[PDB]
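What follows is a set of notes on a single structure, which appears directly below.
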Amino acid sequence: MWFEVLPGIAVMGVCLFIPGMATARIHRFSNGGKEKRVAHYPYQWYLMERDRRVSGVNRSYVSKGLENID
Amino acid sequence: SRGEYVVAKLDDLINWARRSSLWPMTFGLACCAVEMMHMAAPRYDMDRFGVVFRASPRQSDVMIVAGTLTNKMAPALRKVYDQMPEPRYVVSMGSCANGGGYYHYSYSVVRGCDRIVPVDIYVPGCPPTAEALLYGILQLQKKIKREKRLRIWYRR
Amino acid sequence: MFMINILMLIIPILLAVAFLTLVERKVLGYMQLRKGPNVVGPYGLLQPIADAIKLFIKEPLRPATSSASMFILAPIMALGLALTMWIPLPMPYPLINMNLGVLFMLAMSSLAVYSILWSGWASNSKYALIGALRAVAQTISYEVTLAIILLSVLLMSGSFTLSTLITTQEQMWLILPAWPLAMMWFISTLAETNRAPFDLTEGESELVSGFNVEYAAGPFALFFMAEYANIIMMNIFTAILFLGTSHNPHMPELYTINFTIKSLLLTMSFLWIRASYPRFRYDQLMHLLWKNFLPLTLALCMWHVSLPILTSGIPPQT
Amino acid sequence: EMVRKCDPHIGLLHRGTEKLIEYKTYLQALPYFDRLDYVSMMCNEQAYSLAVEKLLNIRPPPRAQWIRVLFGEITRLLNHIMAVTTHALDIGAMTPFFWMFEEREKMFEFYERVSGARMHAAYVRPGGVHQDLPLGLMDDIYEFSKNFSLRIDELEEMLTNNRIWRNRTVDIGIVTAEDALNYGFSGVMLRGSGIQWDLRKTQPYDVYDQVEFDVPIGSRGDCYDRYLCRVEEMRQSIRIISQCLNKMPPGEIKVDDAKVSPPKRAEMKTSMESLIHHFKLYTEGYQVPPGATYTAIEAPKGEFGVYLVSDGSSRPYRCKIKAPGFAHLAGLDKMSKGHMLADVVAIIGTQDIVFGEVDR
Amino acid sequence: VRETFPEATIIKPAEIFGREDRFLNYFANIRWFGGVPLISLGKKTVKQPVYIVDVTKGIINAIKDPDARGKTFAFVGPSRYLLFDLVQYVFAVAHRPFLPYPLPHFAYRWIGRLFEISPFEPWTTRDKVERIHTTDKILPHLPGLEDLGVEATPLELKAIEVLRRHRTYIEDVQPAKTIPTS
Amino acid sequence: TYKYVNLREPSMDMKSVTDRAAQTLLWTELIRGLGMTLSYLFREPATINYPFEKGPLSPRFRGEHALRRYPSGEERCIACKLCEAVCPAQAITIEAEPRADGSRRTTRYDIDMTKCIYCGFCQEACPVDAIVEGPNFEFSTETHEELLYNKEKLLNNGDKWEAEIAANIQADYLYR
Amino acid sequence: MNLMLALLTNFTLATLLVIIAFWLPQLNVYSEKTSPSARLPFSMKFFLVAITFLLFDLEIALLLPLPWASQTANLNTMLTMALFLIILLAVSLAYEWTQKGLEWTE
Amino acid sequence: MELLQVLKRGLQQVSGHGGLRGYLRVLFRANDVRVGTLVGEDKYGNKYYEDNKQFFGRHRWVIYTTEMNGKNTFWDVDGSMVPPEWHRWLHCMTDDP
Ligand SMILES: CCCCCCCCCCCCCCCCCC(=O)OC[C@H](COP(=O)(O)OCCN)OC(=O)CCCCCCCCCCCCCCCCC
Ligand SMILES: CCCCCCCCCCCCCCCCCC(=O)OC[C@H](COP(=O)(O)OCCN)OC(=O)CCCCCCCCCCCCCCCCC
Ligand SMILES: CCCCCCCCCCCCO[C@@H]1O[C@H](CO)[C@@H](O[C@H]2O[C@H](CO)[C@@H](O)[C@H](O)[C@H]2O)[C@H](O)[C@H]1O
Ligand code: SF4
Ligand code: SF4
Ligand code: SF4
């Protein structure tokens, strides 16, 4: 019956699902649980470089808030 | 962890792949080709065994000779056989291909395709039923399953 | 970490291609009132594995190639480019976030025609080369509409960034404002990938289509994998382009599930179409492109340049 | 792209059938006719049987004649499914082949239930048919025929209005009426060009003048009109089969003259005369009075005929087989002029060529 | 064998050439590597190869010949050649570029050893090189092909048959120089 | 009587011209063809599960040959050679002589199954139902020589298949 | 760096698959077989489809900046020149069409 | 509710073959998990089933013995294993087993 085609489709579906799921999870693993920063234009890259300096640990995804104000 | 064991299991793997993925080149010469087409048709669906219906001679693993082989045609059949990549097998389908059949005594007919190519399975009938041909294909699968290429290599 | 990401893209791609071969045979089987592979593994789930092993231990074909370097380069180019087409795709996040990702995909696909040309050159056969040239002429012809159609849709998106297509379709699928472009886009992808009813490389009108003809070729498996990776990729691109999935930043997996289903369904429609129609003649598919799609695509490009301006709906640049 | 010359080289299935027949008795030669147009087996048998019955100056009984028309039209369905769907399969439309070959598989069962063979039945013989229909067969033929026109409609849904199919067939291989006649075409190769000819109507045999059907006629003489004619001929065959089922008479199924048709096995084992006639018919065979006939029928592929020469003995002196596909293929060069390579595949399909009959 | 089965027919052929030979095909496949080594320079080695069909006919004629029982035959070709000329001719028929270069046995034994490591038919081995560079014995006390009614086939008449497949894609050919007959 | 298959002139009013334009541009008749293949996808396939399931046959089926006996075990064949005379393929070779007890019996009965066309003429001609074509069709072999049946092979087939052969004869002999 | 690594990985794997696709069959050690510029003639039509593709493809290069061009203040000028380019692309097709540059009959 | 009745039948087939181990045995030997009425068993261990609701051609089937004449036929089955008495029934040459 036609539903015996589904097992092969399910295998295809899992294979196509993995790259998208992996990229999202690896991005959050590598950027402190947040989305990887998007820098398409120099202004965005300029702020990312500034964050890397401001962090004090050389990672742009380490955010400093009002605790650094004084 | 003997070499006999590993060679034995590797034989089973390659034998399994080769028999589970048999791509035929059907040489539809005459009436028997019709029954071959009924083996691909829905009732028997040869494709469900892993036997693709229409495969090019460049990727084929088995040649099915389905019909009378005439003298004028014998050179072209041998040429296709010589161009088949290995491992290659030949199934002779029907009385004409098996031994000449109804036309055995003709001036223009090759008396069995096994004068031209080596034949692995002979399927009798005029024509063999689609089911008879399928039986013969499944017989070839079991013959491939019995192959011992790596065991023989290991004992050379 | 990035090296893991690459392998978590490449390996699943090769597995999807493997099992698409099984899905095609079973879907085509049931539309033909039969089953397709159901003996090698339960529901034929081992059939792709048996075919793969069988092909790689098969003897290489004869005759010898005319050019060894081009004989080896063609399959490398086909498969290398096929995998490269996947790296900017947002699912919902891309492996490589390009500002000009759409243009990158156009550029890389236009290079896929070289494997056809090189394999024809290395075939050592006059007739096989002529077959390759007809295939190239088909491919480049339909590249014209894909580029112009793509440009027309981006006038509603506002940039060449693939992930911006997601934002553009946050309210509504682009297929509604652009269904005429979607129709011609979808057919162009069929003709671009040499799929039925445009599969003349596998047809009956070629000088080399004769069964008893021979020329240097192969490996068959590598070319086959490259082709089917492009079928899936084009249908993934089609979904993103016209059937944009909503993205929730806190639940990216929901995007991926919904996005995967749409891509699968579009891919199944390629199989659906292959089961339904006869094959075009070479001159007739040229006529379809040059005398039907192209005049209408140029007109719709004019319309989609004008429409955002006259409705005050120009999209943002960033 | 253009074809300038088409030179078919045949003989690759020439098996010297005509020379072999001269060494067989008339019964022994009957199975050779199954293996000519091996898609229209029982129609080939009927043609040979009519020719022999004519030289013998005997006629088969009415029930045999209705059985021969019934299975003649079942055979036309077998042939047209093959002709149409392999024509479609060879230009890429593969799916109708599978749907309709399941229908062919069920008509193979009718062949097997009357003869014990799916294809080469050897069932129609000079004098009638070999055996009477098994009980329950006509009911199953009725059940098959009841649903078959729906199967034809599904085929038409795939092809008839399809623009791709029409592009591959319309105005391809146009044949004028005058050329069709002089090139020796027959069957649909004639009716596609508007010629109003059909041997069942004009020179009827068996009981074809007792059944009602219409001859489909084309208007453009191209591949598409010949495709429409074949599809419509399948509908007419169903219409004829419907009348054969209702009008099937009772009685014996082979001529009641034991110097031509063998006696019943029960008679052969009790009567001295029957045993002698059984012995002689299966060894020497019946003698055929000297003479020559050209006998033709409207086979599914066109006019199929035999020029049969008897020298007065039990073996034919000469048997020339007129295969309709022989003249049709001879016209391939004429028809392919001004067309492309892809069109030659369509033209060969529209001619409905089986090399069993072309090469003999 | 002569002690066990005294009436045995022993046939002692020279290197045999033919479609499936490992002689002409051996030299043709040396081209598959740029180097074309040769003990000395292919000199000091004289070869008298015999055609495969000639050996076959000789064997068959031996089965049918009552005289042949208990004898020892030597099957050799008609013409003796220098190993350098033969290989040069082989490359000329195969339309290949011929690049000779000298080597002694010690440097020719390591290449032989290096390919002996293969778990299949080696491309070459020390023993194969030693046999190739063994001069073909002249044994005039033994009967040959002519005693069995077989005419030895010249190599020049059959080289194309064997080496046509090795060509890359006027037939000057240049017949190889033959050592003066005894 | 005859009918035209293609002699309709299309109407040329707006309603009709625009219907044809919609078909051209909106691919409607192409979509219809997709509907038919989709409908088949949801139909049960016609495939049987060979070799666990078998295609139907009838008692008349012409398969592998066999030589039969009387209930006592005596051979039915009395070497009349009607089968050898009628065989269209000359597939039968027979020799005979008086048996030790004086009975008329064959010493050779060969069928070249690669000459045979499986026509069933031999079993029609046989006056004592000695030679028959049984129901077996699954006897393909790996060598050509295995298909050259001698009398021993054919008698073994009779003893092997008689249970089924007798029932099939019982079912069809009144049609003969 | 990442894009270079991705391209290197993709074409490295493609290369390995190709060489093992060419070496793995040599494990079988199959038997030896021992049994096997100028015009084409090339049709002018196949050359002219390639050239037409190129010239149309060059005009597409000029149209690619349209998404950015629509951000300008001089929209009237931009729209006039955008439609001008597409129209000349149509005029090229019309000229080819009406001189039978798109035919395949000889 | 029809979709749930289909799922019930699917799980009812698992019980019909004697549990998961029996269900997988038939699935891998015969690529078919239908449950039918047992019609009989021959002396070699072949089991014959019928289901008259199936369409003609699938209404009768045999599950081959796993060992016949000393041959292990767990995986290697063959249509020639059906003895003549059942051959007539399995090929529908007759109605009665
Ligand atoms: C308010 C005003 C706004 C302004 C914009 C208004 C625009 C709307 C009005 C225009 C409508 C445009 C329609 C777009 C489709 C293109 C139409 C077309 O070109 O099709 C015709 C083409 C040729 O047709 P033919 O009959 O052979 O010959 C005619 C020429 N002599 O024939 C074909 O192309 C047929 C297709 C060939 C391929 C067949 C195989 C595929 C069929 C299945 C596809 C299923 C649907 C796919 C949908 C995918 C969506 C993702
Ligand atoms: C692998 C299979 C996956 C599927 C899984 C199961 C779900 C099935 C969903 C598929 C739906 C399509 C299948 C049904 C199609 C059959 C229906 C049909 O036959 O309609 C025919 C109809 C009449 O045609 P005709 O007779 O020629 O009339 C002409 C003048 N009235 O003709 C028509 O009216 C056609 C009307 C539509 C024309 C639209 C033209 C194309 C426009 C493209 C837009 C695509 C949008 C959808 C894409 C997917 C995104 C959701
Ligand atoms: C990890 C994955 C490794 C890669 C595994 C690749 C497995 C490939 C399995 C292919 C299964 C068979 O799939 C089927 O193959 C044949 C080719 O013979 C194709 O056949 C098609 O191409 C050939 C020419 O190439 C034509 O002669 C044929 O008429 C056409 O239909 C079918 O379109 C395809 O459906
Ligand atoms: S064996 Fe019989 S059916 Fe087959 S080709 Fe010969 S005559 Fe025709
Ligand atoms: S079936 Fe026909 S061909 Fe075969 S042995 Fe009997 S009579 Fe001869
Ligand atoms: S099998 Fe019958 S016909 Fe043949 S010789 Fe014996 S008794 Fe006579």
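Proteins get letters first, then strands, A, B, ... in listed order; numbering begins at 1 in each. Only this structure's heavy atoms are used, side chains among them; waters, hydrogens and symmetry mates stay out.
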Quick one, [X] and [Y] - any side-chain contact, counting heavy atoms below 4.5 Å?
X      : Y      : value
D:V3   : D:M340 : no
D:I217 : F:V5   : no
F:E44  : A:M1   : yes
D:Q196 : D:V215 : no
D:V175 : D:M335 : yes
C:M172 : C:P177 : yes
D:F185 : D:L190 : yes
D:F213 : F:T1   : no

Measure across [X] and [Y] and return the closest heavy-atom pair with its distance rounded to 0.1 Å.
X      : Y      : result
C:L285 : C:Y142 : O-OH, 2.8 Å
D:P96  : D:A93  : CD-O, 3.7 Å
C:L181 : C:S152 : CD1-CB, 3.7 Å
C:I273 : C:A196 : CG2-O, 3.5 Å
D:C229 : D:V188 : CB-CG1, 4.0 Å
G:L85  : G:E59  : O-OE1, 4.3 Å

**Message:** Test of understanding: with side-chain contact (heavy atoms from CB on, under 4.5 Å), list the residues that count as partners of C:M302, not counting sequence neighbours.
**Reply:**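 Applying side-chain contact (heavy atoms from CB on, under 4.5 Å) to C:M302 gives G:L83, G:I86, G:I87.
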**side-chain contact (heavy atoms from CB on, under 4.5 Å) against C:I175, all qualifying residues, sequence neighbours excluded** =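 With neighbours one apart ignored, the set is C:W173, C:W179, C:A182, C:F242, C:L243.
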**Asked** Under the salt bridge (charged side-chain N to carboxylate O under 4.0 Å, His left out) rule, what pairs show up with a residue in residues 3-15 of chain F, not counting sequence neighbours?
**Response**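 Qualifying pairs: D:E232-F:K3.
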So how far is it from [X] [atom1] to [Y] [atom2], rounded to the nearest 0.5 Å?
X      : Y      : atom1 : atom2 : answer
D:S242 : D:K146 : OG    : NZ    : 12.0 Å
C:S188 : C:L190 : OG    : CG    : 9.0 Å
C:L150 : C:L241 : CG    : CG    : 6.0 Å

Between the side chains of [Y] and [X], is the shortest nitrogen-to-carboxylate-oxygen separation below 4.0 Å, so that they form an ion pair?
X      : Y      : result
C:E24  : C:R274 : yes
F:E29  : F:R32  : no
D:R151 : D:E156 : no
D:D153 : D:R235 : yes
C:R281 : D:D343 : yes

Are [Y] and [X] an aromatic pair, judged by ring center distance below 6.0 Å?
X      : Y      : value
C:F186 : C:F270 : yes
C:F237 : C:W185 : yes
C:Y277 : C:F198 : no
D:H87  : D:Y227 : no
A:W2   : C:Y30  : no
C:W290 : G:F56  : yes

Would you say the side-chain atoms of [X] and [Y] include a donor-acceptor pair closer than 3.5 Å?
X      : Y      : result
D:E154 : F:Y40  : yes
D:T176 : D:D179 : yes
C:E143 : C:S110 : no
D:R239 : D:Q236 : yes
F:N6   : D:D225 : yes

**Message:** Suppose the criterion is side chain to side chain donor-acceptor pair (under 3.5 Å): which pairs have a residue in residues 97-106 of chain G, not counting sequence neighbours?
**Reply:**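 Applying side chain to side chain donor-acceptor pair (under 3.5 Å) to every pair that reaches into residues 97-106 of chain G, excluding sequence neighbours, yields C:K291-G:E103.
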**Request:** Output every pair passing side chain to side chain donor-acceptor pair (under 3.5 Å) with a member in residues 295-309 of chain C, not counting sequence neighbours, ordered by first then second residue.
**Result:**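 Not a single pair qualifies under side chain to side chain donor-acceptor pair (under 3.5 Å).
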**Message:** D:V231 vs D:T160, test: side-chain contact (heavy atoms from CB on, under 4.5 Å). Steps then yes/no.
**Reply:** CA-CA 10 Å; D:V231 169; D:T160 293; 5.6 Å; no
**Message:** Evaluate F:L41 against F:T37 for side-chain contact (heavy atoms from CB on, under 4.5 Å), listing each step before the verdict.
**Reply:** CA-CA 6 Å; F:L41 167 63; F:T37 45; over 6 Å; no
**Request:** Decide if atom OH of F:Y4 counts as having more than 12 heavy atoms of other residues, nucleotides or ligands within a radius under 6.0 Å.
**Result:**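 Open.
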Pair up each side-chain donor or acceptor in residues 167-174 of chain D with any protein partner under 3.5 Å, not counting sequence neighbours, and list the distances.
unit_1 : atom_1 : unit_2 : atom_2 : d
D:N167 : ND2    : D:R163 : O      : 3.3
D:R168 : NH1    : C:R279 : O      : 2.7
D:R168 : NH2    : C:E204 : OE2    : 3.1
D:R168 : NH2    : D:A342 : O      : 3.3
D:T169 : OG1    : D:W165 : O      : 2.9
D:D171 : OD1    : D:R220 : NH2    : 2.6
D:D171 : OD2    : D:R220 : NH2    : 3.1

**Prompt:** When you look at D:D352 and D:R230, which way does the side-chain contact (heavy atoms from CB on, under 4.5 Å) test go after all the steps?
**Reply:** CA-CA 10 Å; D:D352 191 357; D:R230 288 198 176 90; 3.3 Å; yes
**Request:** Quick one: do F:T24 and F:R20 satisfy side chain to side chain donor-acceptor pair (under 3.5 Å)? Show the steps, please.
**Result:** CA-CA 6 Å; F:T24 298; F:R20 291 195 296 280; over 6 Å; no
**Asked** Between C:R134 and G:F46, is NZ or CZ placed under 6.0 angstrom from the six-membered ring centre and within 45° of the ring axis?
**Response**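 No.
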**Message:** Let's go through C:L298 and C:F293 carefully: what are the C-alpha distance in whole Å and the side-chain angles of both, what is the deciding distance for side-chain contact (heavy atoms from CB on, under 4.5 Å) to 0.1 Å, and is it a yes or a no?
**Reply:** CA-CA 9 Å; C:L298 295 175; C:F293 281 15; over 6 Å; no
**Working for side chain to side chain donor-acceptor pair (under 3.5 Å), residues C:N235 and C:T238** = CA-CA 5 Å; C:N235 286 296; C:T238 297; 4.8 Å; no
**Prompt:** Can C:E227 and C:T193 be said to form a side chain to side chain donor-acceptor pair (under 3.5 Å), step by step?
**Reply:** CA-CA 7 Å; C:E227 163 173 37; C:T193 53; over 6 Å; no
